[PDB]
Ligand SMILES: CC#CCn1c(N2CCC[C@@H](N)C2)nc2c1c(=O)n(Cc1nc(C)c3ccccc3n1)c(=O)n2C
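In the form solved without this ligand, a lone chain appears below as structure tokens.
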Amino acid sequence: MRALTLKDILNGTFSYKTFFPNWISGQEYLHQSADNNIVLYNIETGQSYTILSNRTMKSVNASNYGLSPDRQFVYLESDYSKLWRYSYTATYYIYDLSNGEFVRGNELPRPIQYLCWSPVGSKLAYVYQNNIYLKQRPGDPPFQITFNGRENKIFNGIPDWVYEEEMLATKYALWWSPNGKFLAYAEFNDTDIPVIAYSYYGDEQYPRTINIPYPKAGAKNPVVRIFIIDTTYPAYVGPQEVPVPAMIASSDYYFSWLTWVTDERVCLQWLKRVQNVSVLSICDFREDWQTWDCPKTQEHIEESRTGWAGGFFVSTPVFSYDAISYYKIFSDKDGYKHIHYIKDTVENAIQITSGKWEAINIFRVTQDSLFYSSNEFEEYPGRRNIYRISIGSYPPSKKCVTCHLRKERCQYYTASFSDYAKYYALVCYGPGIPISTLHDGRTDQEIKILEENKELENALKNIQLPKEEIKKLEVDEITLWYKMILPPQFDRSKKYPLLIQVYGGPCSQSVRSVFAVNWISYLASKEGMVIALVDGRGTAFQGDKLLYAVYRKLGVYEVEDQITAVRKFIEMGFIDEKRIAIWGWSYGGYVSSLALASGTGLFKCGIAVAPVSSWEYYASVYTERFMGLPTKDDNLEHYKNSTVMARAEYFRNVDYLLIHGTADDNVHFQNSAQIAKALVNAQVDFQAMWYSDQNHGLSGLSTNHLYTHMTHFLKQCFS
């Protein structure tokens, strides 16, 4: 009956909820009720009790909890303080459940960077001031494991900036043995890395300076080492360092991943600095010298001839029940990523899945079944469906679990499994209203609906939402997949303005079957615009030919794909050719700026939010993966032809809006400053805006200001 408004988007009055159970055993899980009570649910009996009441949580002003494997102690977390995208610090209290009071022995230090229980028992391991401490029981003084931890120079048990952001994507680097017998950790050395410095104004008379060790393209890199320590007698021999393969240690290298197989067997995954070679090694524990041995025969090599290794990240193996074979997802002979089963030798691997589609994730491998995700159903790249196959059975079997559950409401799924895969939970994100359900692990039948978002569906009855469609085009040989958002009461006999939203990043996808009510929804519903998203070369989940096309050629084919899509949309017949605009964010800004200044006379206006101006200003791990080294012998020529500044002359007959935050640690303010300098030196008019003491996310009231300003700009352009 009524259209959307900007305040309905800025204030999240249309948002959904999801249910991810916190599994603690094969049949029970934990949840936080509305009244902040920690409730334990048992599926087999259907009985619930309050492990922790809200009074205890409010006593110490706690906001998060963690339960010990033996159900005898609970740690409560307070004083949250975000540092980077994934890392933060807090204060931890320990509460006893047997007697019902906080322990008052050796109190924990403050603040603490990371804390973890043991998989069994009640051992504790935490990180404080870049050092690792271990306590055998809640009430016992700690044992210090590392001593050389220094601020901003040496990290023990936690990653530095570049590893946290570009390689691990976690806040921790330390792993327990499956039975809590050994502990493995990583040490990062950052002594020789250059430092980026920027200014923080705050609320004092003098501004202060913030320094971060940040390796840009073709600079020095951190040094990583891996140690394993016995957790029952951690003074007999001390930490032991695992060996590095000979073919890897010949030059610079990275540490990709670690996985525990058994108490006496671990798996490590390394990647070369030239990032098109990766090595997987398996190391055993020998008791004669109480050390770790990695034989040569247990090394597996993966290389790519036409691109980098893996996708955005290198794939992780999932080990079998008998723990000498595994399953891994990588490219096949036809250029599509599929599942292979490896027992003794890589070249003897057996392909399990095949076709003109791709397999995305492996969830769980039990003694008889394997669960995974795919986009095979109906040849739609942008859908996720859960499939289950049988292993070790005389007749082969294959079942699609979710493709016919709710066909018109759910085509994008994720799964969470319990211990021994007795039960699992399915979460559906779109294209309808999200919904979370619980399923039995043997017959795959629904037994309970965890969440179905009734209040949102009731509240959305009086709101007219725009119409969304997903389609494809073929031009000469490339297939472009596009999503179109059309206003209500759309008529093909009239003409409408057009807005393009672009990200275009490598190993990424922007045309998905998800549900969202966001800024472009309001733009289509109230301002009567038409919004388009396009996916072409460089995007993932469509084969290796399409993915590896933009290799050492960043910022060339994305613009061509966008322009071709725009021309086809104009040829459709309901688009006004004088009112076309484009916008993006953080490689959306890069492509948006390069497309606006392409000299085609197609776009009237464009917006760039925190864009990248040159590839010499960004981090080494990301850039060198897709562009190579910026040396005269390798790729220096293209590092200079692919900058926004070099096109500064072509911004004459277009409208530009440049936005950036001065305290951005990921995409530094240097890029926007250089763009502005180049635009001024060429005598070109444009508009700008800066946000003080704001990071890459622009969280808070800055989001309101930014979206209001962009709405004003777009409304002025299309008048």
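Note that residue numbering follows the sequence shown and begins at 1.
The protein also exists as the form solved in complex with this ligand; that form is not presented, and the subsequent description refers to it.
For the chain shown alone, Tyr80 is not a contact residue for this ligand in the deposited complex, no non-hydrogen atom being within 4.5 angstroms. Contact annotation: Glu299 falls outside 4.5 Å of this ligand in the deposited complex, judged by heavy atom distances.
Among heavy atoms of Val612, some come within 4.5 Å of this ligand in the deposited complex. Within 4.5 Å of any heavy atom of this ligand in the deposited complex lies no heavy atom of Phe417. Heavy atoms within 4.5 Å of this ligand in the deposited complex are found in one stretch of 406-414, 165-173, 438-446, 332-340, which is 165-173.
Though this ligand is absent from this view, in the deposited complex it lies within 4.5 Å of a heavy atom of just one residue from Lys495, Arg137, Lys472, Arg85, which is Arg85.
Taking a 4.5 Å heavy atom cutoff to this ligand in the deposited complex, the contact residue among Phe363, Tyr114, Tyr327, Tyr622 is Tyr622.
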